[PDB]
Amino acid sequence: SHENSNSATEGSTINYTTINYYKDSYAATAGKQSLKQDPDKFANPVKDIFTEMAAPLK
Amino acid sequence: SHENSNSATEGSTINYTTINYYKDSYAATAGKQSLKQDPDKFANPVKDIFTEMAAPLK
Amino acid sequence: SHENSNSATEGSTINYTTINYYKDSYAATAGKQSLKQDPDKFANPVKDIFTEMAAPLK
Amino acid sequence: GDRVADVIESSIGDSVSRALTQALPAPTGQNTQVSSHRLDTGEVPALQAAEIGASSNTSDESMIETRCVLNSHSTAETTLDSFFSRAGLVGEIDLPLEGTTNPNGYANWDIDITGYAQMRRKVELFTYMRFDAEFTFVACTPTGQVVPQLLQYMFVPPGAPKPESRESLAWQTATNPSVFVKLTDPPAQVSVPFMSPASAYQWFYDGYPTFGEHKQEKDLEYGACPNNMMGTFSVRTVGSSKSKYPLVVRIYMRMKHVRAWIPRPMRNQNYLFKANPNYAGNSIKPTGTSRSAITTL
Amino acid sequence: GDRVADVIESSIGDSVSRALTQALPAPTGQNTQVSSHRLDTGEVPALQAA
Amino acid sequence: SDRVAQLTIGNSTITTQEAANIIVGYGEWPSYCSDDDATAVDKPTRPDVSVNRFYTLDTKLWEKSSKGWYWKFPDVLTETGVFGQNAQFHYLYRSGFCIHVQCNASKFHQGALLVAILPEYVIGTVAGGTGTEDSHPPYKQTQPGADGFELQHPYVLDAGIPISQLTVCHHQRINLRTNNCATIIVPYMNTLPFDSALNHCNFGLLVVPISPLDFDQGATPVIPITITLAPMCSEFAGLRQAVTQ
Ligand SMILES: CCCCCCCCCCCCC/C=C\[C@H](O)[C@H](N)CO
């Protein structure tokens, strides 16, 4: 419990489930990540979103 | 407690008693199985069951 | 818990977070120190302190 | 003291990052819903505009007649944690007895993980990466033979003095981190933090690190990020004399706590140099293989 | 014994004849209403699509 | 209510009648640097209308055998306007961008352009062809200004990476049957909250004809392409003498 928060994800929205036997958090396991996706960020990056049914160009 | 349910029996009626030091459940021990039998499935697979005393062909 | 308080910081204002598997405390880890500074002791060691705005020689 | 309306009604100083998106939990694959025939006008989910630059928002529920499928396939193996936490070769150092490379019992190897194509192309998929690491040193003879020899693995960060020989005084490792091992013992394995002055490493730096005129003389600086130069890894045979076992140290790096930004096109041409996306312009290869005709397979 | 969703959500076996129309009583000819001048845009009751 | 657009920023205004839509890069709008993220203590100058406005670089002619062009950012605006003087007079820089590419043609012309934003578009060399020489590109070719530079090997984007997978970055497509504009809004992309405009280029703007331009003779054979770009949410810091390079 007494250990330095000094990994490269301290200050990230995702929470991990790690094992560590040291005071340095970057020595811990890779753990399990959170399963959260954002495909809209790369695949539909438009200011004015449009639906499936809507023909986009009116 | 935080570990992936990723063994080849996750989704089986039988419950195990395993030991694991990893997050991968397929690394765990073989454990103890449940002692449940179904000999009727191979030995008396008939639509119309008949008793011991009943002569089967009436 | 039963162990000799025989490290070179027993009798210091700072508290540590150590691991030990022996009864001798000097065998324990270096641990985490407390983050406490006293720069006034070396950098402004004056009997009559003066402020930033105050021109010191009146 | 703000009085005019041209500064009360302002958006200057708006530090909040306004995003159009929201990351939602996707532990499993998307399930399929039951769909029927549609025989209507106005709504056309198959006609798209790729000119917008977005991708098709279509479904199979909108394009064929489908059944309810409950997908229980996990998205947990496409994480960066799983894709990168696989120890790969990043370096290989030889400590021969004679020759031309390192005939004097020591060798320095400047850290770049861009000397073997298998791990390079996998990190060069992204532009920025922030990770801890785990290095592993597999030392042996050219023949693979294991021998009773003691080694010293010193990390020499930038600014620190590089050792000029085996009996140099930098090996005393008073503040530098070092590791001693026998080769009859298992491979060493140390964990490493994120050690750059920036918030992430970057395998592509579009620019020059130094100011000043940029001529043909010092043109080799193009692309050099000193925020990635984490220093030098040195290795010697601990001794006052010459060894008798030739040695080869192989370095195997594994990432942890990975974060990455800005994917890129993956390379389809062969690498030729380190930290340099050059290619052979005479032998340009397609990123696939060919046919003879488009109508015949 | 229907269990899958591909048969609960089905329209197979729909014997009812779905009609778009409705027969209404027309004992007499349609009457005429009083009409005025229109000098507007958007609405064009003379332009059709056969 | 989608094929028309009026982009108004500052004392400039672009009207469009044949738009597709506006792309916002990586789903983030341009912004200013927080106090959490900042490190430099100097108070930055935020000129809000004298540099956040549309500039117009030059024209490139889409001929039949055109291969492509690239423009490196913010090298395009370091000799142009009040932006390019503050960038000289200051050491740091931080701005987003709104890029706008125009190519107008008839309803009897045909063709397509890919307009992509590739961050950290590092340039490669042909290595003498053989692959033996560790040659490096000149300053004319790395940072070519607002007159841009043409691609020799556009399949690999002159870096060994394929054109096909470039649609994983920002992009729009100018299909002369469908549109004649392409609007991409780019945030600031760097590992650092601030960087120098004269040494580091944040991204490159690729313009590549995937489909060749075709017209029958009688029509107009000259089809230009004009790049029109606005800084957004610009910030400057670290004031000293003006230096050009
Ligand atoms: C006891 C020995 C410990 C050795 C520790 C070595 C520290 C290395 C940290 C990882 C650095 C990441 C990779 C470096 C950056 C890039 O590969 C290149 N420098 C830029 O192309």
# chains A, B, ... in the order shown; residues from 1 in each chain; ligands from 1

$ residues_around --residues "stretch 48-54 of chain A" --least-positions-apart "6" --cutoff "7 Å" --atoms "only C-alpha atoms" --output "CSV table (one decimal) with N, CA and C atoms, in the first residue's frame"
chain,number,residue,atom,x,y,z
D,43,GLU,N,-35.3,6.4,-46.9
D,43,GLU,CA,-34.2,5.9,-46.1
D,43,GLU,C,-33.4,4.9,-46.9
D,44,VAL,N,-32.1,5.2,-47.0
D,44,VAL,CA,-31.2,4.4,-47.9
D,44,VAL,C,-29.9,4.2,-47.1
D,45,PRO,N,-29.8,3.1,-46.2
D,45,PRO,CA,-28.6,2.9,-45.4
D,45,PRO,C,-27.4,2.3,-46.1
D,57,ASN,N,-21.5,3.8,-41.6
D,57,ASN,CA,-22.3,3.5,-40.4
D,57,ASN,C,-23.3,2.4,-40.7
D,58,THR,N,-23.2,1.7,-41.7
D,58,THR,CA,-24.1,0.7,-42.1
D,58,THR,C,-24.1,-0.5,-41.2

$ closest_atom_pairs --of "chain B" --to "chain A" --cutoff "10 Å" --atoms "only C-alpha atoms" --output "CSV"
residue,atom,partner,partner_atom,distance
B:1,CA,A:17,CA,9.7
B:2,CA,A:17,CA,6.7
B:3,CA,A:32,CA,8.0
B:4,CA,A:32,CA,8.4
B:22,CA,A:19,CA,9.7
B:23,CA,A:31,CA,8.0

$ write_last_selection --atoms "N, CA, C and O atoms" --output "PDB file, in the first residue's frame"
ATOM      1  N   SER B   1      -8.556 -12.933  -7.461  1.00  0.00           N
ATOM      2  CA  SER B   1      -9.963 -12.679  -7.755  1.00  0.00           C
ATOM      3  C   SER B   1     -10.111 -11.963  -9.095  1.00  0.00           C
ATOM      4  O   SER B   1     -11.028 -12.250  -9.862  1.00  0.00           O
ATOM      5  N   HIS B   2      -9.208 -11.023  -9.363  1.00  0.00           N
ATOM      6  CA  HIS B   2      -9.134 -10.367 -10.668  1.00  0.00           C
ATOM      7  C   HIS B   2      -8.349 -11.262 -11.611  1.00  0.00           C
ATOM      8  O   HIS B   2      -7.116 -11.269 -11.598  1.00  0.00           O
ATOM      9  N   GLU B   3      -9.058 -12.016 -12.440  1.00  0.00           N
ATOM     10  CA  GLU B   3      -8.392 -12.875 -13.400  1.00  0.00           C
ATOM     11  C   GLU B   3      -9.371 -13.236 -14.500  1.00  0.00           C
ATOM     12  O   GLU B   3     -10.583 -13.292 -14.278  1.00  0.00           O
ATOM     13  N   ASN B   4      -8.827 -13.493 -15.681  1.00  0.00           N
ATOM     14  CA  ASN B   4      -9.659 -13.786 -16.834  1.00  0.00           C
ATOM     15  C   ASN B   4     -10.259 -15.173 -16.702  1.00  0.00           C
ATOM     16  O   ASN B   4      -9.553 -16.148 -16.444  1.00  0.00           O
ATOM     17  N   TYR B  22      -1.588 -16.698 -11.396  1.00  0.00           N
ATOM     18  CA  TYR B  22      -1.577 -15.888 -12.597  1.00  0.00           C
ATOM     19  C   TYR B  22      -2.985 -15.382 -12.842  1.00  0.00           C
ATOM     20  O   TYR B  22      -3.928 -15.746 -12.137  1.00  0.00           O
ATOM     21  N   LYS B  23      -3.130 -14.538 -13.854  1.00  0.00           N
ATOM     22  CA  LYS B  23      -4.429 -14.012 -14.242  1.00  0.00           C
ATOM     23  C   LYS B  23      -5.115 -14.854 -15.307  1.00  0.00           C
ATOM     24  O   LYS B  23      -6.270 -14.581 -15.641  1.00  0.00           O
TER      25      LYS B  23
END

$ residues_around --residues "stretch 225-240 of chain D" --least-positions-apart "4" --cutoff "7 Å" --atoms "only C-alpha atoms" --output "list in words"
residues 105, 106, 107, 108, 109, 110, 111, 150, 151, 152, 153, 154, 155, 156, 157, 158, 166, 167, 196, 197, 198, 201, 205 and 209 of chain D

$ interface_residues --of "chain A" --to "chain D" --cutoff "6 Å" --atoms "only C-alpha atoms" --output "JSON, numbers by chain"
{"A": [8, 26, 27, 30, 35, 36, 37, 38, 43, 44, 52, 53]}

$ interface_residues --of "chain E" --to "chain D" --cutoff "8 Å" --atoms "only C-alpha atoms" --output "VMD selection string"
chain E and resid 4 to 6 9 to 10

$ write_last_selection --atoms "N, CA, C and O atoms" --output "JSON list (two decimals), in the first residue's frame"
[["chain", "number", "residue", "atom", "x", "y", "z"],
["E", 4, "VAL", "N", -36.46, -19.28, -30.50],
["E", 4, "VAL", "CA", -35.55, -18.33, -31.12],
["E", 4, "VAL", "C", -36.29, -17.03, -31.43],
["E", 4, "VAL", "O", -37.52, -16.98, -31.51],
["E", 5, "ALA", "N", -35.52, -15.96, -31.60],
["E", 5, "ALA", "CA", -36.08, -14.66, -31.91],
["E", 5, "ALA", "C", -36.36, -14.47, -33.39],
["E", 5, "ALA", "O", -37.14, -13.58, -33.75],
["E", 6, "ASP", "N", -35.76, -15.28, -34.25],
["E", 6, "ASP", "CA", -36.00, -15.24, -35.69],
["E", 6, "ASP", "C", -37.36, -15.79, -36.09],
["E", 6, "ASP", "O", -37.68, -15.78, -37.28],
["E", 9, "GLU", "N", -40.33, -12.86, -33.85],
["E", 9, "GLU", "CA", -40.40, -11.56, -34.49],
["E", 9, "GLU", "C", -40.81, -11.65, -35.95],
["E", 9, "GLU", "O", -40.57, -10.71, -36.72],
["E", 10, "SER", "N", -41.44, -12.74, -36.35],
["E", 10, "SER", "CA", -41.71, -13.03, -37.75],
["E", 10, "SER", "C", -43.07, -12.50, -38.17],
["E", 10, "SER", "O", -43.96, -12.28, -37.35]]

$ select_by_dssp --residues "chain A" --states "alpha helix (DSSP H)" --output "VMD selection string"
chain A and resid 40 to 43

$ write_last_selection --atoms "N, CA and C atoms" --output "PDB file, in the first residue's frame"
ATOM      1  N   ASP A  40     -15.580   5.976 -33.003  1.00  0.00           N
ATOM      2  CA  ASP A  40     -16.101   7.233 -33.518  1.00  0.00           C
ATOM      3  C   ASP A  40     -15.016   8.282 -33.699  1.00  0.00           C
ATOM      4  N   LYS A  41     -13.904   8.139 -32.991  1.00  0.00           N
ATOM      5  CA  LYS A  41     -12.835   9.124 -33.007  1.00  0.00           C
ATOM      6  C   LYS A  41     -12.033   9.074 -34.295  1.00  0.00           C
ATOM      7  N   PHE A  42     -11.939   7.903 -34.914  1.00  0.00           N
ATOM      8  CA  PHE A  42     -11.181   7.702 -36.138  1.00  0.00           C
ATOM      9  C   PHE A  42     -12.065   7.469 -37.342  1.00  0.00           C
ATOM     10  N   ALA A  43     -13.245   6.902 -37.122  1.00  0.00           N
ATOM     11  CA  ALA A  43     -14.101   6.404 -38.181  1.00  0.00           C
ATOM     12  C   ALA A  43     -15.244   7.340 -38.535  1.00  0.00           C
TER      13      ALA A  43
END

$ interface_residues --of "chain F" --to "chain A" --cutoff "12 Å" --atoms "only C-alpha atoms" --output "PDB file with C-alpha atoms, in the first residue's frame"
ATOM      1  CA  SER F   1     -28.353  21.870 -44.945  1.00  0.00           C
ATOM      2  CA  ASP F   2     -24.985  20.163 -45.351  1.00  0.00           C
ATOM      3  CA  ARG F   3     -23.539  21.020 -48.785  1.00  0.00           C
ATOM      4  CA  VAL F   4     -23.213  24.735 -47.910  1.00  0.00           C
ATOM      5  CA  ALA F   5     -20.748  26.152 -45.422  1.00  0.00           C
ATOM      6  CA  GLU F  18     -20.583  22.139 -52.888  1.00  0.00           C
ATOM      7  CA  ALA F  19     -19.228  20.974 -49.543  1.00  0.00           C
ATOM      8  CA  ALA F  20     -19.316  17.530 -47.973  1.00  0.00           C
ATOM      9  CA  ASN F  21     -18.926  18.337 -44.259  1.00  0.00           C
ATOM     10  CA  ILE F  22     -16.204  19.414 -41.809  1.00  0.00           C
ATOM     11  CA  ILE F  23     -13.764  16.892 -40.371  1.00  0.00           C
ATOM     12  CA  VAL F  24     -12.623  17.503 -36.798  1.00  0.00           C
ATOM     13  CA  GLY F  25      -9.291  15.815 -36.289  1.00  0.00           C
ATOM     14  CA  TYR F  26      -9.218  12.918 -33.833  1.00  0.00           C
ATOM     15  CA  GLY F  27     -12.469  14.206 -32.385  1.00  0.00           C
ATOM     16  CA  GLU F  28     -10.792  17.088 -30.548  1.00  0.00           C
ATOM     17  CA  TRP F  29     -11.310  20.772 -31.121  1.00  0.00           C
ATOM     18  CA  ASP F  36      -1.751  21.469 -15.264  1.00  0.00           C
ATOM     19  CA  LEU F 166      -3.371   6.869 -45.159  1.00  0.00           C
ATOM     20  CA  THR F 167      -7.123   7.022 -44.536  1.00  0.00           C
ATOM     21  CA  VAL F 168      -6.422   6.030 -40.921  1.00  0.00           C
ATOM     22  CA  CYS F 169      -5.322   9.628 -40.429  1.00  0.00           C
ATOM     23  CA  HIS F 170      -7.596  12.573 -41.120  1.00  0.00           C
ATOM     24  CA  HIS F 171      -8.784  12.831 -44.662  1.00  0.00           C
ATOM     25  CA  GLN F 172     -11.422  14.001 -47.028  1.00  0.00           C
ATOM     26  CA  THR F 178     -19.690  15.483 -55.585  1.00  0.00           C
ATOM     27  CA  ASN F 179     -17.585  18.254 -54.056  1.00  0.00           C
ATOM     28  CA  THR F 183     -12.376  21.093 -44.649  1.00  0.00           C
ATOM     29  CA  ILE F 184     -10.176  19.498 -41.985  1.00  0.00           C
ATOM     30  CA  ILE F 185      -9.896  20.990 -38.495  1.00  0.00           C
ATOM     31  CA  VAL F 186      -6.706  19.867 -36.768  1.00  0.00           C
TER      32      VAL F 186
END

$ interface_residues --of "chain D" --to "chain F" --cutoff "6 Å" --atoms "only C-alpha atoms" --output "PyMOL selection string"
chain D and resi 15+18-20+51-53+199-200+204-208+212+265+267-269+277-282

$ atom_distance --atom1 "atom CA of residue D:177" --atom2 "atom CA of residue A:20"
20.9 Å

$ residues_around --residues "residue F:103" --least-positions-apart "2" --cutoff "9 Å" --atoms "only C-alpha atoms" --output "PyMOL selection string"
chain F and resi 62+101+105+174+176+179-181+223-226

$ atom_distance --atom1 "atom CA of residue F:214" --atom2 "atom CA of residue F:110"
5.7 Å

$ atom_distance --atom1 "atom CA of residue E:18" --atom2 "atom CA of residue D:40"
15.4 Å

$ closest_residue --among "D:270, D:289, D:296, D:173" --to "ligand 1" --atoms "only C-alpha atoms and all ligand atoms"
D:173
